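*Asks:* Pasting a structure below so you can have a look.
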There are 10 protein chains.
Amino acid sequence: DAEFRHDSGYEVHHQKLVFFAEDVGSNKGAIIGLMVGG
Amino acid sequence: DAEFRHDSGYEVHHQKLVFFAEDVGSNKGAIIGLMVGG
Amino acid sequence: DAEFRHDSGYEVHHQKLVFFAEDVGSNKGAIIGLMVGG
Amino acid sequence: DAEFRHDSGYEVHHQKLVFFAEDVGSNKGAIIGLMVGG
Amino acid sequence: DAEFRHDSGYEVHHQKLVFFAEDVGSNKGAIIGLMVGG
Amino acid sequence: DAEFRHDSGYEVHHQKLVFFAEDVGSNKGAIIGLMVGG
Amino acid sequence: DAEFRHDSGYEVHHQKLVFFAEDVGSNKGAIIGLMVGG
Amino acid sequence: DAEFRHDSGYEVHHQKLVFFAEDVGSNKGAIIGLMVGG
Amino acid sequence: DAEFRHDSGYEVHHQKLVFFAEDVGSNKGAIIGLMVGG
Amino acid sequence: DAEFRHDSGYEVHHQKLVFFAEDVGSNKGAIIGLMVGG
């Protein structure tokens, strides 16, 4: 829940890779199979 | 829930890759199978 | 839940790689199979 | 949950690698298979 | 849960590597298979 | 893609929970952002 | 992709929990951001 | 991708827990950010 | 990718716990951030 | 990727615990941040 930025100046490459990931295959903060008696 | 940006200046490549991901295959903050007695 | 930034100045490469990861295959803070008697 | 930054000045390489990782294959702070009698 | 930074001045290399890791294949602070009688 | 069954004999509880899940928040076998040159 | 079964005989509890999960927050076998030159 | 079974004989408990998990917050066999020159 | 089984004979407990896990917060066999020149 | 089994004969306890784990918070066989020149 935050801003993504990628701004380019003069750049030269044969190949380049940029990858951002905050949650991939995640269950962060999840509640699964919880139970309570009362 | 935030701004995505990608602005290009003079750039030259054979190949380039840009990828943004905030949630892919995620259950963040989910509640599954919860139960309460009262 | 925080800002990502990558700004380029004059740069030259044969190949370059940038990769950000906060949660990949993670269950941070998750609750699984919890139980309580009362 | 904190800001990522990578800003480039004049730099030249044959190849360069930048990699940030906070949680990859992690279960930090998770609760699994907990049980209580009452 | 803290800021990452990497800012470049004038630098020249044949190859360079930067790698940050806080948790990779970790179960820090996790609770697994706990049990209590009452 | 397979049969689900749950048959009950004489059973008594204060509370009970049964939950089956094959894919929840999943991208199994998916192809995303693929590319080919020829 | 296989059969699920749960058959009950004479059983008595204050509380019981059964939970099956094959893929929850998973990207098993997925292809993301792939690229090829030719 | 295999059969799950749980069959009950005469059993008595105050509380019992059964939990099966093959993939939870997993990226098994996934390909992310791959690249090839030709 | 294999059969799970749990069959009960005459058994008595105050509390019992059974938990199976093949992959939880795992990236087994995954490829992340790979690159090739040609 | 192999069969799990747990079959019960006549058994009596105040409390008992069975726990199987093949990969929890693991990156077995993973490739992260690899690079090649050609």
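Labeling convention for the structure tokens: chains A, B, ... as they appear, residues from 1 per chain, ligands from 1 in order of appearance.
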Could you pull out the strand (DSSP E or B) residues of chain E from DSSP and send them as a VMD selection string?
*Replies:* chain E and resid 4 7 11 to 12 15 to 21 24 31 to 32
*Asks:* Show me which bits of chain J are within 12 Å of chain C, counting only C-alpha atoms, as a PDB file with N, CA, C and O atoms, in the first residue's frame.
*Replies:*
```pdb
ATOM      1  N   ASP J  23       9.086 -29.402   4.904  1.00  0.00           N
ATOM      2  CA  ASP J  23       9.626 -28.102   4.517  1.00  0.00           C
ATOM      3  C   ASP J  23       8.791 -27.016   5.168  1.00  0.00           C
ATOM      4  O   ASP J  23       7.613 -26.859   4.836  1.00  0.00           O
ATOM      5  N   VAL J  24       9.398 -26.272   6.086  1.00  0.00           N
ATOM      6  CA  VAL J  24       8.737 -25.173   6.773  1.00  0.00           C
ATOM      7  C   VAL J  24       9.723 -24.018   6.816  1.00  0.00           C
ATOM      8  O   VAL J  24      10.766 -24.113   7.473  1.00  0.00           O
ATOM      9  N   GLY J  25       9.400 -22.930   6.127  1.00  0.00           N
ATOM     10  CA  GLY J  25      10.338 -21.827   6.032  1.00  0.00           C
ATOM     11  C   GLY J  25      11.611 -22.217   5.316  1.00  0.00           C
ATOM     12  O   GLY J  25      12.709 -21.878   5.774  1.00  0.00           O
ATOM     13  N   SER J  26      11.487 -22.935   4.205  1.00  0.00           N
ATOM     14  CA  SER J  26      12.622 -23.481   3.481  1.00  0.00           C
ATOM     15  C   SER J  26      12.691 -22.904   2.076  1.00  0.00           C
ATOM     16  O   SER J  26      11.680 -22.492   1.502  1.00  0.00           O
ATOM     17  N   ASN J  27      13.902 -22.876   1.533  1.00  0.00           N
ATOM     18  CA  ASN J  27      14.156 -22.496   0.152  1.00  0.00           C
ATOM     19  C   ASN J  27      14.995 -23.560  -0.541  1.00  0.00           C
ATOM     20  O   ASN J  27      15.862 -23.264  -1.362  1.00  0.00           O
ATOM     21  N   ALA J  30      16.291 -23.801  -4.328  1.00  0.00           N
ATOM     22  CA  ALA J  30      15.916 -22.561  -4.983  1.00  0.00           C
ATOM     23  C   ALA J  30      17.131 -21.882  -5.600  1.00  0.00           C
ATOM     24  O   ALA J  30      18.271 -22.080  -5.173  1.00  0.00           O
ATOM     25  N   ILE J  32      18.234 -17.988  -6.499  1.00  0.00           N
ATOM     26  CA  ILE J  32      17.888 -16.603  -6.217  1.00  0.00           C
ATOM     27  C   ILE J  32      19.049 -15.720  -6.649  1.00  0.00           C
ATOM     28  O   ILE J  32      20.201 -15.977  -6.281  1.00  0.00           O
ATOM     29  N   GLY J  33      18.746 -14.686  -7.429  1.00  0.00           N
ATOM     30  CA  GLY J  33      19.751 -13.711  -7.813  1.00  0.00           C
ATOM     31  C   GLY J  33      20.893 -14.266  -8.632  1.00  0.00           C
ATOM     32  O   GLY J  33      22.011 -13.750  -8.548  1.00  0.00           O
ATOM     33  N   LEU J  34      20.648 -15.303  -9.424  1.00  0.00           N
ATOM     34  CA  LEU J  34      21.691 -15.832 -10.288  1.00  0.00           C
ATOM     35  C   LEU J  34      21.883 -14.932 -11.503  1.00  0.00           C
ATOM     36  O   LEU J  34      20.964 -14.237 -11.943  1.00  0.00           O
ATOM     37  N   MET J  35      23.099 -14.949 -12.043  1.00  0.00           N
ATOM     38  CA  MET J  35      23.418 -14.161 -13.222  1.00  0.00           C
ATOM     39  C   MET J  35      24.510 -14.859 -14.014  1.00  0.00           C
ATOM     40  O   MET J  35      25.353 -15.562 -13.451  1.00  0.00           O
ATOM     41  N   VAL J  36      24.485 -14.658 -15.329  1.00  0.00           N
ATOM     42  CA  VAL J  36      25.462 -15.253 -16.230  1.00  0.00           C
ATOM     43  C   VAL J  36      25.784 -14.261 -17.338  1.00  0.00           C
ATOM     44  O   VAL J  36      24.927 -13.495 -17.785  1.00  0.00           O
ATOM     45  N   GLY J  37      27.041 -14.292 -17.790  1.00  0.00           N
ATOM     46  CA  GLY J  37      27.493 -13.340 -18.787  1.00  0.00           C
ATOM     47  C   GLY J  37      27.168 -13.711 -20.216  1.00  0.00           C
ATOM     48  O   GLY J  37      27.035 -12.818 -21.059  1.00  0.00           O
ATOM     49  N   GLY J  38      27.034 -14.997 -20.509  1.00  0.00           N
ATOM     50  CA  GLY J  38      26.741 -15.436 -21.859  1.00  0.00           C
ATOM     51  C   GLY J  38      26.690 -16.944 -21.998  1.00  0.00           C
ATOM     52  O   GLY J  38      26.803 -17.670 -21.012  1.00  0.00           O
TER      53      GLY J  38
END
```
*Asks:* Env of residue 9 in chain F: 9 Å cut, atoms = only C-alpha atoms, seq-sep filter 4 positions within chain, self excluded. Answer as a PDB file with N, CA, C and O atoms, in the first residue's frame.
*Replies:*
```pdb
ATOM      1  N   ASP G   7     -14.880 -39.895   7.378  1.00  0.00           N
ATOM      2  CA  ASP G   7     -16.001 -40.678   7.867  1.00  0.00           C
ATOM      3  C   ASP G   7     -15.857 -40.865   9.366  1.00  0.00           C
ATOM      4  O   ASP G   7     -14.763 -41.143   9.867  1.00  0.00           O
ATOM      5  N   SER G   8     -16.964 -40.708  10.079  1.00  0.00           N
ATOM      6  CA  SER G   8     -16.961 -40.680  11.532  1.00  0.00           C
ATOM      7  C   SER G   8     -17.579 -41.947  12.102  1.00  0.00           C
ATOM      8  O   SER G   8     -18.669 -42.356  11.690  1.00  0.00           O
ATOM      9  N   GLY G   9     -16.873 -42.564  13.048  1.00  0.00           N
ATOM     10  CA  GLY G   9     -17.465 -43.545  13.927  1.00  0.00           C
ATOM     11  C   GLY G   9     -17.897 -42.904  15.232  1.00  0.00           C
ATOM     12  O   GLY G   9     -17.925 -41.685  15.383  1.00  0.00           O
ATOM     13  N   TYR G  10     -18.236 -43.753  16.196  1.00  0.00           N
ATOM     14  CA  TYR G  10     -18.600 -43.252  17.514  1.00  0.00           C
ATOM     15  C   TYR G  10     -17.469 -42.403  18.069  1.00  0.00           C
ATOM     16  O   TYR G  10     -16.372 -42.906  18.329  1.00  0.00           O
ATOM     17  N   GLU G  11     -17.740 -41.116  18.259  1.00  0.00           N
ATOM     18  CA  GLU G  11     -16.738 -40.199  18.768  1.00  0.00           C
ATOM     19  C   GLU G  11     -17.422 -39.137  19.613  1.00  0.00           C
ATOM     20  O   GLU G  11     -18.551 -38.733  19.331  1.00  0.00           O
TER      21      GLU G  11
END
```
*Asks:* Report the distance between CA of residue 21 in chain I and CA of residue 22 in chain H in Å, rounded to one decimal place.
*Replies:* 5.9 Å
*Asks:* May I ask for the distance between CA of residue 4 in chain J and CA of residue 20 in chain I, given in Å to one decimal place?
*Replies:*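 For CA of residue 4 in chain J relative to CA of residue 20 in chain I, the distance reads 8.0 Å.
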*Asks:* CA of residue 1 in chain H and CA of residue 28 in chain A, how far apart in Å?
*Replies:*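 Result for CA of residue 28 in chain A versus CA of residue 1 in chain H: 24.9 Å, one decimal.
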